[PDB]
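Computed from the coordinates by the stated procedures, all read-outs in this text should not be read as laboratory data. Heads up, the Cβs are rebuilt from the backbone with ideal geometry, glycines too, and the neighbour counts pull from every protein chain shown.
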RNA sequence: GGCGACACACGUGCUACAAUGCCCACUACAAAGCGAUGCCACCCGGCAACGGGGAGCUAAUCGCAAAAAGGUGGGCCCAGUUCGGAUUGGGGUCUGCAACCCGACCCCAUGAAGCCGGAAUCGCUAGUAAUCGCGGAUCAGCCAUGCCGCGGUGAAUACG
RNA sequence: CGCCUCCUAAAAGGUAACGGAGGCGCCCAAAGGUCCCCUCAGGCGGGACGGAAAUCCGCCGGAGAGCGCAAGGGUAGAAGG
Ligand SMILES: [Mg+2]
Ligand SMILES: [Mg+2]
Ligand SMILES: [Mg+2]
Ligand SMILES: [Mg+2]
Ligand SMILES: [Mg+2]
Ligand SMILES: [Mg+2]
Ligand SMILES: [Mg+2]
Ligand SMILES: [Mg+2]
Ligand SMILES: [Mg+2]
Ligand SMILES: [Mg+2]
Ligand SMILES: [Mg+2]
Ligand SMILES: [Mg+2]
Ligand SMILES: [Mg+2]
Ligand SMILES: [Mg+2]
Ligand SMILES: [Mg+2]
Ligand SMILES: [Mg+2]
Ligand SMILES: [Mg+2]
Ligand SMILES: [Mg+2]
Ligand SMILES: [Mg+2]
Ligand SMILES: [Mg+2]
Ligand SMILES: [Mg+2]
Ligand SMILES: [Mg+2]
Ligand SMILES: [Mg+2]
Ligand SMILES: [Mg+2]
Ligand SMILES: [Mg+2]
Ligand SMILES: [Mg+2]
Ligand SMILES: [Mg+2]
Ligand SMILES: [Mg+2]
Ligand SMILES: [Mg+2]
Ligand SMILES: [Mg+2]
Ligand SMILES: [Mg+2]
Ligand SMILES: [Mg+2]
Ligand SMILES: [Mg+2]
Ligand SMILES: [Mg+2]
Ligand SMILES: [Mg+2]
Ligand SMILES: [Mg+2]
Ligand SMILES: [Mg+2]
Ligand SMILES: [Mg+2]
Ligand SMILES: [Zn+2]
């Protein structure tokens, strides 16, 4: 369980590797590696236990992550669903949320095809 | 204990990322861990890590008062 | 799959399903009835049942007209049958010479 | 990537500009 | 016997605080740890690769003691269970080893639990013992990613001379067991 | 959504009815045709009847339903599923 | 308010599944059109959408403007990935009296299906097909991946 | 149609009917001898995957479990493990 809770792929460039944490994209990755001053080109397998703890220390404290992030997103939908607003309702049926068409398509929200 | 079936226990140093060092015993003499009781949020009083928000939402929006009475 | 269009008319799931039942007569020939389309409509003189169906050896395209809608649907099926059968056996007609 | 807004290639297609394609 | 920090913490800090808090008239009446019994209910090894020599190894590294196997009392259908089948391990930590384990569990292991928000206040016996379940063995300092074939948890029984839940809470809490509520 | 520079939009004609209720000591059901209006912090505790196109739907307002619009809580579409 | 519904089915398309590829950077070569509460150089704030300034132009002058594929250099190293960009959370910008139903755009986060597609089936014979970008009508904005155009690069094959 | 177990069977034994109910025609190289050690089912509570029931911890629990197979007798002061 390297950083933070997840063991980011060795073998790979630390900028790509950090993306394998829930809540860290291309962007937040570019940002941690500047703020902790390390080369994004270095493979994770090549990190000073020092460079690592830095990386670890910064990221865990800067941004809400892994389980704690998912919890907020759940809590966010939790409430939306319970105040009974329209965006909440669309969740309450597992349906699309962002005003998409549902006469055709809409499969990612729905699941693959459900025969009549 | 029965001989030959049990891994030896020797004095062992567990080193955390906070820079804490634990004098204990293990089957391995030197161990490096990413966290411990000295630096874990739940343990460290109540270190509210990243989210010291106070919700912040939603009454607490406040942009602004400019709608009239 | 099975598609029925009822043009400038209201028809029941009952009637719809009945069309599926009649069209089934074509399954006799044991060839793939691909995306068949039944269209029902009402001219002044009587109803019309149009249909366009593709099978591995060609297309069935036909039309029935009659004072009675159910009868028009049947007359359609006849024509569909006849054509389907011509498709399925025309190839055999020249094994000699 | 023409459907990934978050790249250069994406923004040329969407007809827009941003961080990932500046003017 | 070994000087191990937690053991001493018991005799030095916990012992007296307890006598204060509950007012015992007797040195033996004060709560002792009796045993920590760790169990891997497993049976993910029923047939398959019934080489859980792999797990016996892992446990032997964690506790410094080799577990003994448990086998099924009766034959059971729906779990695919013929009587006599190796389905679990149990290592019974006592004395020094019990302390050494508990030391690292409290100091290092529980910290390393994913989204750890405190041990469960309600997992108490009612005769004053505590039980708690782990989901993974990567929690312990001795077991790295590199060396594990597959994630397996365990049951931990911690057995006290306390007569009551209320007393046993004080003992484990004072020793430093983090409780959520 | 609506730009931060510009207002937090409410139809003026509902805000008045809301304000009038605060002073006189609240509270009665408030019919409106303003699905577009934001629920505003002074609306909390009312029960406002929102038109959906057919009915004015009673919506009790809570402190958690504040920045949302009115129409979010008066559904426009009747759906009980298929077949 | 609805025309935007969503157990399902069909037609048209978009974007892909990747290395003849993807990302970042630097650097090239079009044509047809459009433009006065209109196109907006250039400077400034902001990661950015955009906001503020503010010069020019009834326009072979001034602007939209960058063409993109391409070229040079650097990363990725065959992995559901630096493929793919769906879905969802959050934060904003703009038009507009107004973006709940129901706009577009930007940024953080999310990072689905998809490993080349059964039966069947479409287009195209040369500057064509394939691939690449730019304009226009409509239009406040826009659901345009549609339509009508414009060039760039540029094949295979025809016994019969 | 022979053999076993229970009932009928009238508190010794025995006791019939085309009376009431079930089993056998095997098996075990340990499921045999001996020494040593161990004790159950079940109930409540506690414990990752884990469920009514897998394995673990606590308390209660004389035997209701086990004893290859029918039934009966026996049996943890073991015949059980
Ligand atoms: Mg990520
Ligand atoms: Mg839409
Ligand atoms: Mg819709
Ligand atoms: Mg016709
Ligand atoms: Mg265009
Ligand atoms: Mg309890
Ligand atoms: Mg106890
Ligand atoms: Mg570890
Ligand atoms: Mg409308
Ligand atoms: Mg329409
Ligand atoms: Mg389809
Ligand atoms: Mg399209
Ligand atoms: Mg125009
Ligand atoms: Mg993936
Ligand atoms: Mg897949
Ligand atoms: Mg990817
Ligand atoms: Mg991509
Ligand atoms: Mg591949
Ligand atoms: Mg193909
Ligand atoms: Mg292709
Ligand atoms: Mg295809
Ligand atoms: Mg392409
Ligand atoms: Mg437009
Ligand atoms: Mg015999
Ligand atoms: Mg007798
Ligand atoms: Mg008798
Ligand atoms: Mg007798
Ligand atoms: Mg007698
Ligand atoms: Mg006698
Ligand atoms: Mg034996
Ligand atoms: Mg025996
Ligand atoms: Mg023996
Ligand atoms: Mg029991
Ligand atoms: Mg239980
Ligand atoms: Mg459980
Ligand atoms: Mg259980
Ligand atoms: Mg018995
Ligand atoms: Mg039997
Ligand atoms: Zn620490």
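Within segment F:31-63, which residues are more than 18 Å from residue F:9 (Cα to Cα) and in contact with a helix residue (DSSP H, G or I) (Cβ under 6 Å, 6 or more places away or on another chain)?
Once the filter is applied, which keeps residues that are more than 18 Å from residue F:9 (Cα to Cα) and in contact with a helix residue (DSSP H, G or I) (Cβ under 6 Å, 6 or more places away or on another chain), segment F:31-63 yields only F:59.
What do you reckon, is residue A:110 away from chain F (no Cβ under 14 Å) and either touching a residue at least 12 places away in the same chain (Cβ under 8 Å) or on the phi > 0 side of the Ramachandran plot (or both)?
Judged against the criteria, residue A:110 is not a match.
From the residues in segment F:51-83 that are surrounded by fewer than 16 Cβ atoms within 10 Å (Cβ to Cβ) and not in a loop (DSSP other than H, G, I, E, B), which one is farthest from the other protein chains (Cβ to nearest Cβ)?
Among those residues, the one meeting the criterion is F:58.
So, residue C:10, is that one within 24 Å of residue A:116 (Cβ to Cβ), out of contact with any strand residue (DSSP E or B) (no Cβ under 7 Å at 6 or more places or on another chain), more than 16 Å from ligand 39 (Cβ to nearest atom) and more than 14 Å from chain F (Cβ to nearest Cβ) or not?
yes
If you go through segment B:8-61 one residue at a time, how many are outside any loop (DSSP other than H, G, I, E, B) and more than 8 Å from chain E (Cβ to nearest Cβ)?
Number of matching residues: 8.
Inspect segment E:115-132 for any residue being crowded, with 20+ Cβ neighbours inside 10 Å, within 16 Å of ligand 7 (Cβ to nearest atom) and at positive phi and give the result as yes or no.
Looking through segment E:115-132, at least one residue is crowded, with 20+ Cβ neighbours inside 10 Å, within 16 Å of ligand 7 (Cβ to nearest atom) and at positive phi.
Can you tell me how many residues in segment F:10-30 are surrounded by 14 or more Cβ atoms within 10 Å (Cβ to Cβ) and either in contact with a strand residue (DSSP E or B) (Cβ under 7 Å, 6 or more places away or on another chain) or assigned to a loop (DSSP other than H, G, I, E, B) (or both)?
5
Since residue E:122 meets every condition but one in (1) within 14 Å of residue E:179 (Cα to Cα); (2) free of Cβ contacts under 8 Å to residues at least 24 places away in the same chain; (3) away from chain A (no Cβ under 14 Å); (4) away from ligand 6 (no atom under 16 Å from the Cβ), which condition does it not meet?
Condition not satisfied by residue E:122: (4).
Table: residues versus (1) within 14 Å of chain F (Cβ to nearest Cβ); (2) under 12 Å from residue C:74 (Cα atoms); (3) within 16 Å of RNA strand G (Cβ to nearest atom); (4) under 14 Å from the mean Cα position of the chain (by Cα).
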{"residue": "C:19", "(1), (2), (3), (4)": "no, yes, yes, yes"}
{"residue": "C:23", "(1), (2), (3), (4)": "no, yes, yes, yes"}
{"residue": "C:27", "(1), (2), (3), (4)": "no, no, yes, yes"}
{"residue": "C:30", "(1), (2), (3), (4)": "no, no, yes, no"}
{"residue": "C:33", "(1), (2), (3), (4)": "no, no, yes, yes"}
{"residue": "C:39", "(1), (2), (3), (4)": "no, no, yes, yes"}
{"residue": "C:45", "(1), (2), (3), (4)": "no, no, no, no"}
{"residue": "C:54", "(1), (2), (3), (4)": "no, no, yes, yes"}
{"residue": "C:61", "(1), (2), (3), (4)": "no, no, yes, yes"}
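Can you tell me which residues in chain D are assigned to a loop (DSSP other than H, G, I, E, B), within 16 Å of ligand 2 (Cβ to nearest atom) and without any contact (Cβ under 8 Å) to a residue 12 or more places away in the chain?
D:3, the sole residue that qualifies.
Please find, within segment E:135-152, the residue that is nearest to the other protein chains (Cβ to nearest Cβ) out of those that are surrounded by fewer than 16 Cβ atoms within 10 Å (Cβ to Cβ) and within 14 Å of ligand 8 (Cβ to nearest atom).
Once the filter is applied, the top-ranked residue is E:145.
Considering (1) more than 12 Å from every other protein chain (Cβ to nearest Cβ); (2) closer than 30 Å to residue E:16 by Cα; (3) buried (at least 19 other Cβ atoms within 10 Å of the Cβ), say which one residue E:93 fails and leave the rest.
With respect to (1) more than 12 Å from every other protein chain (Cβ to nearest Cβ); (2) closer than 30 Å to residue E:16 by Cα; (3) buried (at least 19 other Cβ atoms within 10 Å of the Cβ), residue E:93 is out only on (1).
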